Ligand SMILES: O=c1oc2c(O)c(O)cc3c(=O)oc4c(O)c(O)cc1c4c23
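Before any questions on binding or motion, here is one chain by itself as C-alpha cells, the form deposited without this ligand.
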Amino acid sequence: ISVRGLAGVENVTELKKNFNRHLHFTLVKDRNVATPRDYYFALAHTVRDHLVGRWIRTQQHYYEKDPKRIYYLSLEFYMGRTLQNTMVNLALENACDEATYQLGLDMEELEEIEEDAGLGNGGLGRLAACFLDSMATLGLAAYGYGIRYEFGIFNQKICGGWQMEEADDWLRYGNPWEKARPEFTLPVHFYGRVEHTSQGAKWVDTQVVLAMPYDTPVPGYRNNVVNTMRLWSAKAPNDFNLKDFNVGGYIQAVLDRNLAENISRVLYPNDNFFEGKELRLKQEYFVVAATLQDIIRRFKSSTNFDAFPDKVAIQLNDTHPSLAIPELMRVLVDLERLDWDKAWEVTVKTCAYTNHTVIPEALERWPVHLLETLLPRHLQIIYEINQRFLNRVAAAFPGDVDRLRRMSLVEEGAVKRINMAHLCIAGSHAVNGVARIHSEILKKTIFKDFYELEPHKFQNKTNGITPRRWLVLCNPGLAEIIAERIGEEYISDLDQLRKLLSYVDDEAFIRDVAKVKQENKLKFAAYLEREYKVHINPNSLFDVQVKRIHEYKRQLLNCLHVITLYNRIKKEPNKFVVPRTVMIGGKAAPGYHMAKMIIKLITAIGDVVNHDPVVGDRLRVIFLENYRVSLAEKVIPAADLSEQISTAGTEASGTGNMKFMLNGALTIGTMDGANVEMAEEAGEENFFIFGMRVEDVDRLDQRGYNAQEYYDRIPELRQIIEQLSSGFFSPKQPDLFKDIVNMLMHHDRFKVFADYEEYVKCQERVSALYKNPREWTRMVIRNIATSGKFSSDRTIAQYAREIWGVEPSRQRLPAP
C-alpha cells in the first residue's frame, strides 16, 4: 500500500484491541448488534486516543515556554470531516486501514459515516480551516476561536430542479472530536446602559448570557503538535432567566431560555452578502467578548499591558469580529483603568485585519440604532475612536473636507451606520488583501484615502490551501507517484514540487499522471451512480465549476457556453466534438432569488440536453447536489477543466482554483484574484486565460455597458436568449426565466455578454488540446509542478513574519 504510513505489527495489534475496547465499553455494543455507525465511532475514539497525549504536552509546552500567542478570530471554520485528516497527520492511515481490514471492516465505508463540520459558507470559512492546519504544522502557538453552531450550512436538496434547504443537524449523533470545558465558562453582556461616574464609565443593567467553550484538537503534520480550536456555545444563566420575579409563569420562564441560547443556534448562510439582523450582531459580539476575556486571562497568567502586544496577536478574519477593537478598548479603559492613549497603542499593536472582498453589498454597515440599543458603551467608544482618527486626517490633509466625510467610521444618510471596515483599518497595525491584484485594488480604490494616510499598514498575503487535506488526503494516488520520484518532504514543503519539472518529458511519469486522473474519474463516475444514480461517460472531458452560486462567479456564463455546445451539435449532428461532462455545483443563499433561479436554469438545461438522442453521450449537464468540503474532496481530484470565470476584479482571490491546480486539472479563467499569480507561476502558455482585464472592465464602465450591442452582433448569443425567452428550456412555463433574460439584457453588473465571445473561443482551444492526451498531460505536469507557492504553509509563514512577529518552526515536539 501507499505512503499512508507504516502498518507496524505492534501497532496494528494495539489498534485492534482499542477498537474493540471502545466498541464494548464506549458504545456498549457487541459485534452482533453493532451498526456501521458504531464501528465508525469505535474507530474515531481509538484515533482520537492517539492525539490526547500530544494535545496535553503541546499545551503544557506553551505554558512553560510562554511564546507569543496567535489568536485567529473567525465566525467561520469550514472543517469538513476530521477522522481521515487526523490519521494522515499522525501517520496512522495504513495501520488503521490494516487493523480494520483484519476486523473485517472497510475503513473507507466507515469514513463516509462521519458528518461534515460545515461551520462555514465557502472560501472565508475554509481558509480559516486550512490556516489552522498550517499553523499547527509550522509549530505556532495558535488558537482558532469561533462559535459552535448546532446547525451549520444547510443541506441542499434539489426538488423539481429547485433547491430545497434543510437543517444541518450535524451534532445529532454526537461529535467525538470535541470536549466541553465547563470550567472556563464566561459571561457576556448585552443591552443595559452607561453610567458615567466619578472614576470612569460603567456598563450597567445588562442581560447576561454565558459562553461555554468546546475544544477540538488541530494536529500538525507529523510533528507531534496539536493546537486547539475553541468554539463557544451560548448558555442561559439559571437565575435571572427565571429569577426576575413578579408573574409570567415558571414553565414559560424555563422555555424562554431558548432565546439567549439562540445566539449559537445557526450559521447565517450568506456568502459575500451583508444582512444587518440583530441576531447576527449578537453572534459577532458574543464570540468577541468571550474570546477576549479568555485571551486576557491567559495573559494575566503568562499588570503592565505594555507587554500585551508582545505576547498577543489577534487576527480578524474579515470585519465579522471587528467589535474586538472597541471591546479591547472597553476592557483596558473601563475595567483595567488604562488611559485612552496607552490603551489605543496596545489595541492597534495587537490587532490585524484581513479583507476578503470589494463588492459593496458584502460590506458591513451596522445601523447606529442597533449598536445603540445592544452595545451602548461600544458605540460611545467607536464615536471617540472616530473623533480622534478624523482629527488625525484633518491634521494630515488640512481643508480636505470631503476626505473627512469619506473616511469617517460613521456614515450619514437615511439611517446612520458604522462602517466596520473603516473601524478595522483604524485599529489594526496591518491590513492585508488576499491576492496581489485584490491587494492593489484596495490601495487604488476602496481604501485609497486610508492608504494615503498610513501606507505602512497595507500588505498582501496571497491565500493558499493545505496540501495535506487537499492532496495527500483526497488524492493519495497522485501523492504517491509524486513521492515515488521526489520523496515525501514536499508535503510540508510544497515548493519542492518544481522538481517534477524534470519529469515533464518522462514517458513513465506522463503515463502515471494520466492513469491516476483516469482512476479518479472512474471512482467519481461510480460514486455518482451509487449515491445519486443516472450514469455519465468517464472518457469525456470533466468540465467542472464548483463554488457558491453568485452572479459575480458567472455560472451563467458557463451555462451560455453549454447551450452553445448543444446548439452546435444540433446544427451539425454528425460532426465530431470532444465529449464533455460539465458539472456545476454550489449552494445559493436562501434569500438570493437570482442565485436560486440560476440553479433551476442549470437543471433545466440538463433536462433538455441529457435526453436529446441526437446528442448521445457527447454532452451531459449535471448539477452537483449539496456541494461541501467532503464532496469537494471527491470532484476536484476527478476534474480535467477547472472553471474560474468571475468578472475581472470581483473574486478577491479564490482558493478552489488552487485546489484544482494541485490535483491535475487545467484552468480556464479570467485574470482575476489568484488566477493571475497561478498563470504567472505556471506560465501563461500553460493556462487558458480569456476575457477582459480589470482595465477593460473600467473602460467599459466609463463608456457604459450595453448588453444589447452584444446581442445584436452575435447570432449564436441571440439564438440562446431567444430560446430562454420562448420557453425552449421551460415548456410548461414559457416565461419561467424572464428574470434572468431581463437581468442579462438590462442590469448585468457583471457583463456576462462582454466575455462570451472570447470565452467560447478559448473553450475551443481546450477541446483541441484534450484531443492530444500526451500534450494535455504534459501541460498538467507544468501546473502541478508549479503549484507549490499556493500552500497555506507559505501564506502562514508570511503572516507570522510580516504581521505577527513570530518565527515558524518545523521542529518535532518531544514525542507523545
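In case it trips you up, residue 1 is the first one in the sequence shown, and so on.
What comes next is about the form deposited with this ligand bound, which is not displayed.
Contact annotation: residue 696 falls outside 4.5 Å of this ligand in the deposited bound form, judged by heavy atom distances. Contact check for residue 640: every heavy atom lies farther than 4.5 Å from this ligand in the deposited bound form.
In the deposited bound form, this ligand stays beyond 4.5 Å of every heavy atom belonging to residue 330. Contact check for residue 551: a non-hydrogen atom falls within 4.5 Å of this ligand in the deposited bound form.
Only one segment in the set 711 to 719, 94 to 102, 266 to 274, 497 to 505 has any non-hydrogen atom within 4.5 angstroms of this ligand in the deposited bound form, and it is 266 to 274. The partner is absent here, but in the deposited bound form a heavy atom of 592, alone among 203, 592, 458, 170, sits within 4.5 Å of this ligand. Between this ligand and the residues 684, 306, 166, 361, the one pair within 4.5 Å by heavy atoms in the deposited bound form involves 361. Counting a residue when any of its non-hydrogen atoms is within 4.5 Å of this ligand in the deposited bound form, the one hit in 749 to 774 is 749.
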